[PDB]
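S.K.: Handing you a structure now.
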Amino acid sequence: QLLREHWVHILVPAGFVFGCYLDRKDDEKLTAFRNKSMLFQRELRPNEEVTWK
Amino acid sequence: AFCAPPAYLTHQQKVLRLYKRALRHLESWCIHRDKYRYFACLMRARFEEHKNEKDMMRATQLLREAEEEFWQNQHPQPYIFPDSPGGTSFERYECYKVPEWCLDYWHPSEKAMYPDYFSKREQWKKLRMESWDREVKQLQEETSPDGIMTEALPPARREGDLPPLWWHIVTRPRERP
Amino acid sequence: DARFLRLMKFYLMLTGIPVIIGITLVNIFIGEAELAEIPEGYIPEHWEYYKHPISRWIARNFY
Amino acid sequence: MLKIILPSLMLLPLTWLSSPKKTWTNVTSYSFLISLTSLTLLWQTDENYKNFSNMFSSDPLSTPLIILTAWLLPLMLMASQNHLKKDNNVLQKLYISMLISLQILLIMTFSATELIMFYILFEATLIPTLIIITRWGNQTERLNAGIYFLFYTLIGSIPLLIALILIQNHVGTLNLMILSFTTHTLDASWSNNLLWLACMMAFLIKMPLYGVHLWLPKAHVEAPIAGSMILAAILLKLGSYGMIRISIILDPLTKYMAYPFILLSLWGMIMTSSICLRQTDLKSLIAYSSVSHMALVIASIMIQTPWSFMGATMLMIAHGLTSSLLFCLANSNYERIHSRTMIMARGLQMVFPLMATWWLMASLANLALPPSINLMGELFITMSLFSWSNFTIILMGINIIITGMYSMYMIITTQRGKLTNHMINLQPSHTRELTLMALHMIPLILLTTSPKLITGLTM
Amino acid sequence: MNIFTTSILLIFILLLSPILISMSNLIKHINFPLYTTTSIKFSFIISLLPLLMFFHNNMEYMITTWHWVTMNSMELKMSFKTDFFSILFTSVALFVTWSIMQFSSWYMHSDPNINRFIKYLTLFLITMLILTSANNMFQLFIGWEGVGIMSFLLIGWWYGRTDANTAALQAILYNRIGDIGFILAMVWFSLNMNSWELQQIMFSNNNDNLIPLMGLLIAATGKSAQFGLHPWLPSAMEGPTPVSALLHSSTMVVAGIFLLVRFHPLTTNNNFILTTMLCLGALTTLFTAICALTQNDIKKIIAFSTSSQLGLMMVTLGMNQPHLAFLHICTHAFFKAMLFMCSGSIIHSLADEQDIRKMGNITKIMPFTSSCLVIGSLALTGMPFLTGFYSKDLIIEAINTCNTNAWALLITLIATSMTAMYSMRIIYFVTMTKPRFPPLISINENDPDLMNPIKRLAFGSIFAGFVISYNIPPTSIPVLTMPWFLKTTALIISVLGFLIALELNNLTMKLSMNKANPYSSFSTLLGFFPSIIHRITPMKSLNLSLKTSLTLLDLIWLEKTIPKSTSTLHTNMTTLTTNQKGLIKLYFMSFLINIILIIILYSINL
Amino acid sequence: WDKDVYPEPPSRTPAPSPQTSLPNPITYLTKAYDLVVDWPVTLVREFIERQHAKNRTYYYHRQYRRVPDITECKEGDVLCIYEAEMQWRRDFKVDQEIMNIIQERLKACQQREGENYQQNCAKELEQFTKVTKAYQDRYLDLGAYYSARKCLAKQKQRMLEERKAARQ
Amino acid sequence: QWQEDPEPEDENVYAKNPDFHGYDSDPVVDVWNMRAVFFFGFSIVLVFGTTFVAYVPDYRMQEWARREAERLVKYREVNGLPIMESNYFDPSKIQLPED
Ligand SMILES: CCCCCCCCCCCCO[C@@H]1O[C@H](CO)[C@@H](O[C@H]2O[C@H](CO)[C@@H](O)[C@H](O)[C@H]2O)[C@H](O)[C@H]1O
Ligand SMILES: CCCCCCCCCCCCO[C@@H]1O[C@H](CO)[C@@H](O[C@H]2O[C@H](CO)[C@@H](O)[C@H](O)[C@H]2O)[C@H](O)[C@H]1O
């Protein structure tokens with residue numbers, strides 16, 4: 005099969021996918037002040053959970 | 002441009018050059034043709050007045066005096082032939098004198114547009130290829146035994162042989178391409 | 064030289080022309096949003112502060 | 001930022017796992033796509049700078065440099081595709097790995113939040129660049145050039161390490177946001193002056209100041225084309241970026257500690273620009289042009305007005321692109337005539353008519369053609385310095401004249417004049433070279449359309 | 001108003017059309033020169049309309065097209081300032097460029113790359129129009145510097161000529177030395193007024209405005225070739241004759257005068273500036289008229305005539321007469337372009353000869369060209385009621401009846417007469433004496449692409465002066481009361497110069513040798529300014545750059561001081577320390593010294 | 005076009021008042037331009053505006069609630085100092101735009117008045133001068149690293165100077 | 052002399068494969084590489100990158116700045132206030148050092 009060497013094409017896009025996931029994790033850890041900042045603090049709208057998730 | 006300068010010049014060459022330069026400057030000074038003729042005849046009279054001087058020391062002194070007078074009286078802005086060095090359009094066409102070795106890089110599709118010319122060119126390249134060996138040997142054999150050399154090159158002596166070092170002399174771009 | 068120019072023009076147009084066509088169609092039909100005062104009692108979405116439809120689409124789907 | 005770093009790292013596995021045939025194509029393509037991905041950092045619709053995590057951040061000052069770095073790597077690969085034509089596969093892949101590593105480290109450096117990130121990722125650039133110069137260079141003196149390049153920077157850097165450690169001991173941290181938001185005034189003690197110097201000297205050396213600029217004319221005329229491109233497109237700007245980020249703490253000492261370096265910059269600019277007039281090496285001429293431009297950048301940064309900062313950033317980017325293009329062009333002619341003398345090859349407009357067009361455009365960018373961002377930067381720096389002291393216009397004008405002069409001198413000497421007809425080996429321009437020049441010019445034209453992107457933090 | 005602004009923008013769009021067509025494959029399939037000529041014709045026709053609107057209601061517009069960037073409280077908008085100056089000059093420039101672009105096809109039929117030549121001429125036209133219709137100082141700079149680049153490319157179009165390459169770099173030198181002053185003006189008007197827009201700059205009338213107006217004067221000197229930076233224009237004729245006709249006479253060189261006219265409101269108060277301009281204009285007029293005489297090249301004579309005319313405009317501005325100076329700009333554009341075209345016709349018909357010594361009897365052989373040349377000369381030396389007279393006469397009137405530097409006035413009048421003298425030089429040696437050209441006559445001017453353009457410019461030279469003068473709105477109160485001699489001073493001096501020139505030229509047929517003369521040499525060699533400056537300044541500067549900078553300091557002293565000193569010292573120290581004889585006796589002796597030193601340190605430190 | 009923020013005096017065009025038998029070319033050129041160019045262009049524009057009426061959408065100008073100034077921040081409290089600093093930056097650039105608007109007013113006034121600008125633009129020149137004095141006293145001599153704290157320090161220096169002058 | 056290879060003779064790459072795009076010896080790899088370069092660079096990064104950058108909205112919220120400035124100016128002009136007060140920080144807030 006030509007996958008023999010066309011498998012290599014999945015590395016870089018996998019790099020992008022993995023980087024995006026890790027960015028989401030990085031933003032997860034920094035949750036405090038999620039909605040506790042003077043400018044932007046608000047009461048959540050009805051039927052809502054997280055402001056910026 | 003077609004002959005190499007000598008090691009030096011004799012009195013004859015120097016005086017002739019001075020004659021030509023002075024006549025042209027005299028013309029540049031005297032715009033009208035009749036006036037130019039009037040004064041050029043006097044100039045030839047002066048030049049020939051000392052034509053036969055067999056004391057070369059006095060001859061050289063006379064020539065030096067003539068040259069200094071020339072430098073004193075030279076037209077500040079002389080007449081320059083359009084193609085002559087220092088004249089407008091001296092090198093005006095050197096942009097388009099692209100050489101012949103460029104054609105070797107033409108794409109075959111470009112060569113297709115001109116079929117016959119390139120066939121003739123191929124003949125010419127074949128001729129040059131053949132003649133190089135003989136012409137190099139010719140120069141090597143015609144080299145002077147002594148250590149005295151001149152720029153002037155030899156002619157074709159044998160039969161069916163191209164003149165030595167001819168590719169650059171021939172094939173040079175046309176004056177007005 | 065001619066080949067380079069020709070290929071460059073072709074490959075720039077390949078996506079330029081479709082993209083300019085898309086921009087023109089969006090501008091002519093979809094149109095640009097217009098300023099309004101926030102309806103009191105409403106929490107506008109983050110994208111809803113951008114004028115252009117393309118800008119707001121990108122905002123909503125990717126920022 | 002980790003959506004840009006990780007693909008860059010993954011380029012390396014691709015480079016080494018690709019088949020020998022498709023390696024160049026695959027890495028070039030995926031590097032272009034990484035460049036595309038890097039544009040996400042331009043979605044700054046608010047004044048709050050981006051901070052992607054505790055480690056990586058971006059700003060108006062760092063986004064343009066990061067995007068430039070991403071853009072350069074594909075062009076570096078294209079420029080290197082040729083002179084590596086007949087090397088063994090592992091050696092070619094080593095070169096490609098070196099370039100990828102350089103991109104990774106430079107992006108991380110520009111996106112670093114703590115100055116002791118920056119001090120490590122900044123000097124880590126020395127290894128790949130040193131290898132590129134010394135291993136793949138042509139002439140013999142490349143070893144000496146590598147030694148100069150390494151040690152000038154290391155001597156500059158060690159005092160930076162000492163100063164940074166002192167800073168951390170005194171403040172408690174080295175996160176640049178925290179330093180900015182808790183800075184305090186320095187006092188004019190001798191120890192504080194020594195600090196100021198320790199903080200500023202490494203960056204000033206990397207921004208070769210007139211007296212410490214001997215490592216550029218060597219590194220460049222001994223380095224291959226890709227080395228020269230990355231060097232005098234990004235490495236030289238490391239110094240400016242460091243200076244901009246770090247000067248915030250070092251106040252108010254600057255008011256009188258800048259007189260020496262402002263003077264050295266404003267004089268060495270004239271001296272080097274003049275040197276460009278009578279230099280017989282095209283690579284050297286370009287290098288000294290770069291030195292003059294960085295002299296301007298240093299003067300503006302060391303006067304610190306809003307115009308100074310914004311124009312310095314604009315000119316940083318503009319010089320990056322323009323010098324890169326000039327070096328690619330010179331390497332184009334070098335790959336054929338195998339010489340670096342400017343006099344040797346002449347009248348090449350008679351055989352490379354389009355590359356002559358690219359030459360002309362590059363020379364215009366160099367000489368600062370309005371409305372080009374090159375001019376905009378130089379003009380705004382000039383306005384700043386004139387405000388600082390109305391007499392600097394004399395030096396600025398002399399430098400402008402000489403800049404135009406050597407910029408046109410290159411063109412007249414090479415492109416114009418009788419074709420050196422004896423050059424049989426001159427071959428038609430490669431589509432690779434033409435595309436490389438186009439990729440250098442087009443970003444310049446688009447940014448001239450949209451200058452707002454490349455302004456600094458101030459404006 | 002829609003029509004006016006729409007037409008203004010459409011002019012530029014039309015002028016860009018040939019460029020875009022050039023960057024396409026349709027250039028091969030179309031007759032590009034004719035397409036560009038047609039575009040220029042249509043652009044001129046469009047421009048006529050805004051001119052009519054202005055002549056009617058005299059309403060001037062500030063049109064802001066695109067917002068290029070905002071720089072912390074200094075927007076940069078692509079602005080256009082349409083008014084008397086801009087509108088009339090756009091009309092005139094388009095007319096003259098229409099004529100010269102049609103004539104370029106004839107003069108350059110044989111040459112390849114004719115398409116590139118036409119493209120470059122068009123590009124110049126766009127850039128100069130940007131200069132004229134510019135509100136921002138930055139945009140005005142775009143025009144200022146882009147016309148400089150186009151001049152570089154057109155001069156030395158034949159990049160084979162080393163001489164033409166030097167001429168292009170000469171132009172860049174002098175223009176950039178000028179542009180230093182322009183950048184100074186920009187920076188000053190940015191710091192002190194915080195805006196590059198002319199409307200906002202106007203409110204600086206109550207400041208000193210010396211530091212900026214000096215920059216403006218220097219930039220104008222450089223670009224318009226006033227005395228200080230004059231050599232570039234006369235030797236800018238190495239380029240093609242159409243380029244000389246258009247750029248370096250009719251349109252480009254008027255850039256400095258145009259800039260000063262634009263900034264007339266600020267310079268009204270600064271007497272120092274006005275007197276400086278008066279003196280500079282007078283000096284340039286006299287100097288370049290002296291050089292104009294005793295010059296044997298048909299194109300260089302006209303080049304020096306152009307420099308003299310520009311010096312006259314400088315005087316016109318030196319006295320507070322901006323409108324009249326601009327009127328002279330526009331009026332002279334016509335007949336200067338016509339004279340250049342006639343000279344080009346002569347040069348082409350003869351074997352590319354440009355010396356007026358190898359031209360003669362042209363009036364008999366080329367009736368059309370000689371007739372138009374005579375019209376051009378009579379316009380240059382304003383004969384009553386031709387285009388020149390409807391400007392130059394009023395200029396001289398104001399000069400003779402305004403408080404002025406006495407010397408400046410005198411040399412200006414002498415140069416006015418001397419213009420007649422050198423115009424006679426041409427009309428004589430090129431059209432009146434018996435032939436001098438090579439025998440093989442091959443003269444054809446019957447080509448319509450040559451006849452019609454020159455016809456149009458001759459009709460311009462014969463009527464446009466009166467039409468413009470009568471239609472333009474009142475601006476400056478002219479002085480009309482004066483003595484008889486002052487009133488007819490210009491005519492008497494011009495006619496006297498003509499007669500003197502006729503006497504002198506007729507004296508040449510006398511069968512006597514003309515001898516080298518100090519004044520003749522001073523005139524012919526161009527005052528020695530080239531020979532001296534262009535041989536001392538480049539040499540000194542370049543020698544310093546190689547020796548003091550590159551060699552003495554950069555390649556020698558810096559290397560010795562910083563790298564090599566360190567390298568030496570460290571090598572000295574390694575050769576001092578490492579070389580040990582390798583004997584345990586000596587090594588343990590050193591260990592003993594360490595013993596003693598530690599003991600001593602312990603003891604003293606306690 | 006909010007005429008308030010962008011004041012624009014009224015138009016006062018005069019009567020045709022023709023006194024010539026000849027026809028004015030401008031009126032006929034304008035009629036031809038109207039009919040030929042304006043009419044089709046207006047048709048196109050009306051079609052686009054109908055297409056916009058369909059698919060109408062709204063965008064809202066963002067409102068930023070006020071937060072404590074740097075004066076209310078305890079030294080070294082980065083958490084509050086960040087918010088105070090960002091607020092100051094936004095106010096800074098809003099002031100920049102104020103200056104731009106007033107400068108545009110001045111330029112438009114100059115162009116409108118023409119040669120009467122030396123008298124009829126006095127009002128806008130006065131407004132420009134006052135606002136530029138305010139801008140200078142607010143943000144000038146602040147380094148490229150301008151910040152709320154530098155602005156506060158500058159203001160306090162000037163207030164100390166004024167207090168001294170009042171005392172003396 | 053030491054045993055070292057002679058310097059290689061120069062090459063003309065247009066002698067073979069007259070359609071040399073400058074990228075590789077093999078014509079197939081060469082053309083595919085050129086296509087990849089042009090496509091991913093010009094037909095992607097430049098075009099899509101330029102469109103994205105062009106349609107980034109409210110960059111550094113400049114338009115928001117202008118809109119808010121217009122609103123504030125209208126407010127101040129209607130209410131009669133000075134457009135800008137020379138004191139950014141209200142002096143009442145500041146506890147100016149007492150002597
Ligand atoms: C302010 C602090 C920053 C400044 C720091 C400067 C440190 C720079 C150190 C550079 C050291 C390079 O060391 C370099 O060694 C090479 C060996 O090939 C020497 O090379 C040379 O040596 C001698 C000349 O003295 C010759 O005989 C020899 O043939 C030649 O190669 C260089 O002359 C020296 O410069
Ligand atoms: C403050 C500390 C800073 C340290 C950073 C600087 C590092 C300095 C490196 C010192 C070593 C450089 O090493 C350098 O070697 C070269 C040859 O290689 C020596 O140069 C040598 O060249 C040849 C022999 O090779 C001899 O003809 C010459 O006389 C001799 O000097 C240099 O004199 C020496 O300086």
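Residue numbers (full-length UniProt numbering), protein chains in the order written: chain A, 5 to 57; chain B, 2 to 178; chain C, 64 to 126; chain D, 1 to 459; chain E, 1 to 606; chain F, 5 to 172; chain G, 52 to 150. All residues carry an ideal CB built from backbone N, CA and C; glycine is no exception.
Any residues whose CB sits closer than 7 Å to a heavy atom of ligand 2? List them in chain order?
M.R.: This selection yields D/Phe151, D/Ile155, E/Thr566, E/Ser567, E/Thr568, E/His570, E/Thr571.
S.K.: Return yes when the C-beta of E/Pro563 is under 7 Å from any heavy atom of ligand 1, and no when it is not.
M.R.: Yes, since a heavy atom of ligand 1 falls inside the 7 Å radius drawn around the Cβ of E/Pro563.
S.K.: Please tell me whether D/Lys452 has its Cβ less than 8 Å away from any Cβ of chain G.
M.R.: Output row for D/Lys452: interface = yes.
S.K.: Taking only runs that begin and end inside the region 294-350 of chain E, name each unbroken alpha helix (DSSP H) of 4 or more residues, in chain order.
M.R.: Segments of the alpha helix (DSSP H) lying fully in the region 294-350 of chain E: 298-318, 322-349.
S.K.: Using a C-beta cutoff of 8 Å, does A/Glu32 count as contacting chain D?
M.R.: Answer no: the Cβ-Cβ gap between A/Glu32 and chain D never drops below 8 Å.
S.K.: Using 8 Å as the Cβ pair cut-off and three pairs as the minimum, do the region 85-105 of chain E and the region 439-456 of chain D touch?
M.R.: The region 85-105 of chain E vs the region 439-456 of chain D: no contact.
S.K.: Of the choices E/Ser476, E/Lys300, E/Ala458, E/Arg357, whose alpha-carbon is the least far from that of E/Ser99?
M.R.: The residue with the shortest Cα to Cα distance from E/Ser99 is E/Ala458.
S.K.: Consider the Cβ of G/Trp83: report whether some Cβ of chain F lies at a distance smaller than 8 Å.
M.R.: So no, G/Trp83 is outside the interface.
S.K.: If you measure between the beta carbons of E/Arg161 and D/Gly404, is that distance less than 8 Å?
M.R.: Cβ distance not < 8 Å, so E/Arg161 and D/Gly404 don't count as in contact.
S.K.: So E/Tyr61 is in the beta strand (DSSP E); what residue range does that whole segment cover?
M.R.: 61-70 is the extent of the beta strand (DSSP E) around E/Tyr61.
S.K.: Give the straight-line distance between the Cα atoms of D/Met316 and D/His293, rounded to the nearest whole angstrom.
M.R.: Cα to Cα, D/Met316 sits roughly 9 Å from D/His293.
S.K.: Measuring CA to CA, which of E/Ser476, E/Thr488, E/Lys585 is closest to E/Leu324?
M.R.: Here the closest residue by C-alpha is E/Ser476.
S.K.: How would you label D/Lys206, buried or exposed, when you count the other beta carbons within 10 angstroms and need 16 or more for buried?
M.R.: With 16 or more other Cβ atoms within 10 Å, it is buried.
S.K.: What residues from chain B crowd round E/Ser190, counting only those whose CB sits closer than 7 Å?
M.R.: By Cβ distance, chain B contributes nothing, its closest Cβ being about 43 Å from E/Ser190, past 7 Å.
S.K.: For C/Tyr105, which three-state DSSP category applies?
M.R.: Reduced to three states, the DSSP call for C/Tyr105 is coil.
S.K.: What distance in whole Å lies between the Cβ atoms of D/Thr69 and D/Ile107, which are believed to be in contact at a cut-off of 8 Å?
M.R.: Contact holds; Cβ gap of about 5 Å.
S.K.: Between the C-alpha atoms of D/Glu433 and E/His328, what's the straight-line distance to the nearest angstrom?
M.R.: One C-alpha to the other measures close to 51 Å.
S.K.: Assuming B/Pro178 and B/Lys121 make a contact with CB atoms under 8 Å, what is their CB distance in whole Å?
M.R.: In fact, because the Cβ distance is near 18 Å, the residues do not count as touching under 8 Å.
S.K.: Taking the C-alpha atoms as reference points, what is the distance between E/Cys279 and E/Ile414?
M.R.: Approximately 14 Å, taken between the alpha carbons.
S.K.: May I have the straight-line CA-CA distance separating G/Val82 from G/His72, to the nearest angstrom?
M.R.: When rounded, the distance between both Cα atoms is 7 Å.
S.K.: Leaving out the 5 sequence neighbours to the left and right, which residues in its chain are closer than 7 Å to D/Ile275 when beta-carbon positions are compared?
M.R.: Within the same chain, D/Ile275 has close Cβ partners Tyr288.
S.K.: Using beta carbons (cut-off 8 Å, strictly below), is D/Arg346 in contact with chain E?
M.R.: No, no contact with chain E.
S.K.: Using the Cα positions of A/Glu32 and D/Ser38, report the straight-line distance between them to the nearest angstrom.
M.R.: Those two C-alpha atoms are separated by around 22 Å.
S.K.: With contact counted as at least three CB pairs below 8 Å, one residue from each stretch, are the region 490-503 of chain E and the region 412-426 of chain E in contact?
M.R.: Short answer: they touch.
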